[PDB]
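To start, the structure itself, in structure tokens.
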Amino acid sequence: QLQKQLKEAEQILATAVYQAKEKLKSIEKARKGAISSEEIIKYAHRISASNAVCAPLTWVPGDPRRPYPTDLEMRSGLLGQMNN
Amino acid sequence: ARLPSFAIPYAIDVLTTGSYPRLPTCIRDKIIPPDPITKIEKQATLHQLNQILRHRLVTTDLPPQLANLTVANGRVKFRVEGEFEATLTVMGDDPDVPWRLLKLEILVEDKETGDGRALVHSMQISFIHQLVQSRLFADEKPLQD
Amino acid sequence: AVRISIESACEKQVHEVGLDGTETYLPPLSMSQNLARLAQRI
Amino acid sequence: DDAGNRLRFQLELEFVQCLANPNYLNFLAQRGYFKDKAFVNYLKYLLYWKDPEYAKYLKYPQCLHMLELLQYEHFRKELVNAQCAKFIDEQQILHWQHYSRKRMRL
Amino acid sequence: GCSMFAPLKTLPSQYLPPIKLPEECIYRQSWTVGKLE
Amino acid sequence: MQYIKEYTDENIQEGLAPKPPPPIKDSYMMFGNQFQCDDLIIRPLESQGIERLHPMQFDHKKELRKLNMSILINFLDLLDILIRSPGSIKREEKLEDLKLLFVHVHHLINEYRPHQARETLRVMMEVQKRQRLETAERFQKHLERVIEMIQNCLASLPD
Amino acid sequence: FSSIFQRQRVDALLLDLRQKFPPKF
Amino acid sequence: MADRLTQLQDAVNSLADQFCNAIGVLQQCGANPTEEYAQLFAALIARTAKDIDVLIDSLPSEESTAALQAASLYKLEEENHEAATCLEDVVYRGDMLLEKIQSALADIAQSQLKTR
């Protein structure tokens with residue numbers, strides 16, 4: 001008669017322990033990455049000032065803006081003049 | 001003059017974590033095969049399997065008279081010294097799962113009434129293993145059938 | 001504020017992108033299913 | 001070689017920026033450079049950008065994910081064809097205004 | 001469960017300081033002034 | 001299209017002879033059309049290319065209330081300075097003046113965003129603490145249910 | 001760019017096994 | 001996007017675009033039409049001006065700026081660390097109970113199989 005009790009107890013505790021573990025693993029993965037918040041806003045403004053990772057509100061198909069630098073920029077860069 | 005956004009989640013999961021995870025992941029799985037389990041992960045799965053197998057055995061009629069039970073490496077290792085040995089694995093937990101056979105073998109040997117070469121040819125041992133897996137399907141009894 | 005530890009926001013997660021929105025959320029988060037799939041790979 | 005180091009740093013930065021373009025990878029795959037064994041070694045070397053101090057000077061973060069996709073040595077075998085080349089192109093852009101549609105939906 | 005990632009992402013949206021604009025657009029109706037081609 | 005060759009050919013060889021990556025630069029960067037000068041202030045700078053008429057206090061609110069009347073009065077002064085003098089040159093400086101005013105409002109308004117950006121950061125730190133406490137208490141409650149259960153079992157066993 | 005000629009018996013046992021233990025699928 | 005800055009900027013742009021075309025439009029098309037338009041345009045411009053005045057009061061003052069917010073975050077950072085320790089103290093009690101009960105059930109199963 002004890003196996004049902006022992007079973008339900010171990011199932012309950014096994015689910016509970018894992019949730020903390022899945023939580024503790026996420027927290028530790030956060031803790032391997034520690035940086036300065038002063039430079040985070042600077043990076044966000046740098047990638048922000050030009051519309052890099054945000055879609056333009058005035059965007060129409062045929063817009064030259066893409067997440068990649070695109071043909072005009074790659075041909076107008078230093079690669080187009082240092083190939084000689 | 002106007003500035004549309006800062007997108008702090010993107011900055012925080014690119015800066016702190018050196019990747020760009022916020023992307024539709026269909027491009028990865030369809031194009032590239034899923035990565036194999038890490039060494040550390042393998043140890044964890046084995047520990048869980050031993051506990052589950054023990055339960056399946058006990059709440060059911062089982063024979064310890066001529067059998068041997070092995071809980072090592074999540075493998076059954078159920079063998080009889082006289083004639084044969086078998087090693088198993090059960091993927092399922094509480095839900096009933098048909099017994100799965102990893103390997104079936106015969107322990108009887110005589111060189112001389114053969115000739116230098118073992119009693120059964122591996123084709124037949126492949127044949128016998130599938131037949132067992134067939135009776136088990138019904139799964140009325142875990143170890144008596 | 002020096003050496004701040006901050007996990008990235010994970011409130012919104014999408015598997016694949018869909019036309020007119022309608023993102024697909026399929027989080028198994030079930031232990032029995034999770035063990036089986038891991039076991040199956042072995 | 002301060003000038004040499006500055007120019008090589010610059011040109012490799014525009015190179016890793018240009019790896020973001022899917023059509024550029026299509027052109028590189030079709031013209032016949034990635035068949036050798038040296039370019040996979042250089043793409044192995046190119047993973048040095050993951051440090052935050054080095055990644056601060058990066059400006060398009062999607063190149064890191066594209067390079068991680070390419071490093072598996074199996075994705076390079078694909079992407080030669082055009083209809084899957086448009087699939088990888090449409091997937092990135094469709095997510096781009098999906099972020100802007102987040103404001104629209106709510 | 002014990003602690004699962006909650007969908008509490010819209011509840012969180014209606015938070016923070018004075019900069020978050022009071023969403024007074026709804027009140028801004030029933031005026032109908034100005035018409036340019 | 002052209003890959004670099006003479007800085008990459010020396011990669012397939014062992015030892016410490018492979019070249020190190022370049023250290024982090026602390027100078028101005030010439031990449032691209034944009035000047036992208038190093039250590040630029042996060043706030044936009046109107047010091048270069050724009051004349052400054054701003055006060056020592058540098059308070060946006062005081063200026064915004066004053067600027068609004070000035071652009072509006074100019075709009076009204078530009079309306080009738082056309083009739084008072086059609087052939088005068090000063091009309092296009094007034095438009096430019098108007099353009100300068102337009103450059104200013106947007107420049108001054110953008111001052112608020114960095115402060116606004118900082119505020120967004122605090123809630124993330126703040127919300128997790130509000131979330132972490134709940135998880136710990138919930139876990140404690142779950143554990144308690146189990147313990148009272150095993151005490152009931154230990155009470156019912158030996159009797 | 002081999003068989004040691006004993007399958008003339010083991011086969012019979014298998015037949016006696018199959019004839020006595022039909023697959024259950 | 002529910003942002004104060006976006007709303008203020010949008011109002012200014014409409015006024016610029018709305019009034020440049022309107023003055024030109026008045027010059028463009030010449031009894032009844034000219035008078036009504038004068039009122040219709042004045043009305044909108046007046047409405048926009050009122051809206052701009054309303055917007056300025058809402059924004060935060062000079063006090064409690066970004067530096068102060070960073071300072072606030074500091075004290076907060078220490079508090080977060082402590083909170084984390086709480087869960088690491090809570091855990092491992094379930095782990096020790098779980099290893100104890102697994103040992104107990106293994107012993108019971110072993111006794112059941114050995115009594116045979």
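Here, A, B, ... name the chains of the structure tokens in the order displayed, residue numbers run from 1 inside each chain, and ligands are numbered from 1 in the same displayed order.
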Distance filter 12 Å, only C-alpha atoms, chain E against chain D, as an MDAnalysis selection string
chainID E and resid 9:11 13:14
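Interface residues of chain F facing chain C, defined by any atom at most 12 Å away and using only C-alpha atoms, are residues 118, 121, 122, 123, 124, 125, 126, 127, 128 and 129 of chain F.
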Check which residues of chain E sit at most 12 Å from region 22-28 of chain A using only C-alpha atoms, and return one row each with the closest pair of atoms and their distance in Å to one decimal, ordered by chain and rising number, as JSON lines.
```
{"residue": "E:1", "atom": "CA", "partner": "A:22", "partner_atom": "CA", "distance": 12.0}
{"residue": "E:2", "atom": "CA", "partner": "A:23", "partner_atom": "CA", "distance": 10.0}
{"residue": "E:3", "atom": "CA", "partner": "A:23", "partner_atom": "CA", "distance": 7.7}
{"residue": "E:4", "atom": "CA", "partner": "A:23", "partner_atom": "CA", "distance": 8.3}
{"residue": "E:5", "atom": "CA", "partner": "A:23", "partner_atom": "CA", "distance": 9.2}
```
Can you tell me, as a ChimeraX atom specification, what residues are no more than 9 Å from residue 64 (chain F) when counting only C-alpha atoms, ignoring any on the same chain fewer than 6 positions away?
/F:105,108-109 /H:56
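Counting only C-alpha atoms, residue 42 (chain C) has the following residues at most 10 Å away, ignoring those fewer than 3 positions along the same chain: residues 36, 37, 42 and 45 of chain B; 36, 37, 38 and 39 of chain C.
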Run DSSP on the backbone of this structure and report the residues of chain D it assigns to alpha helix (DSSP H), as a VMD selection string.
chain D and resid 2 to 18 22 to 31 38 to 45 52 to 55 62 to 70 83 to 105
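For the atom pair formed by CA of residue 80 (chain B) and CA of residue 68 (chain B), the distance is 6.6 Å, given to one decimal.
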Pick out the residues sitting within 12 Å of residue 44 (chain D), and hand them over as a list in words; count only C-alpha atoms, and ignore anything fewer than 6 positions along from it in its own chain.
residues 37, 38, 67, 68, 70, 71, 72 and 73 of chain D; 11 and 12 of chain F
Please identify all residues of chain F having at least one atom at most 10 Å from any atom of chain H, considering only C-alpha atoms, and return them as a PyMOL selection string.
chain F and resi 59-62+64-65+68-69+72+75+79+102+105-106+109-110+112-119+121-123+125-126+128-130+132-133+135-137+139-140+143
Within 9 Å of residue 22 (chain G), counting only C-alpha atoms, which residues show up once you throw out same-chain ones fewer than 4 positions away? Write them as a PyMOL selection string, please.
(chain B and resi 131+134-135) or (chain G and resi 17-18)
Can you write out the residues you just picked, keeping C-alpha atoms, as a CSV table (one decimal), in the first residue's frame?
```csv
chain,number,residue,atom,x,y,z
B,131,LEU,CA,9.7,-12.5,-33.3
B,134,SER,CA,6.1,-9.4,-31.7
B,135,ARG,CA,4.6,-11.3,-28.8
G,17,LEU,CA,9.2,-21.9,-33.1
G,18,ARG,CA,7.2,-19.9,-35.7
```
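Using only C-alpha atoms, the chain A residues found within 8 Å of chain H amount to residues 6, 10, 13, 14, 17 and 20 of chain A.
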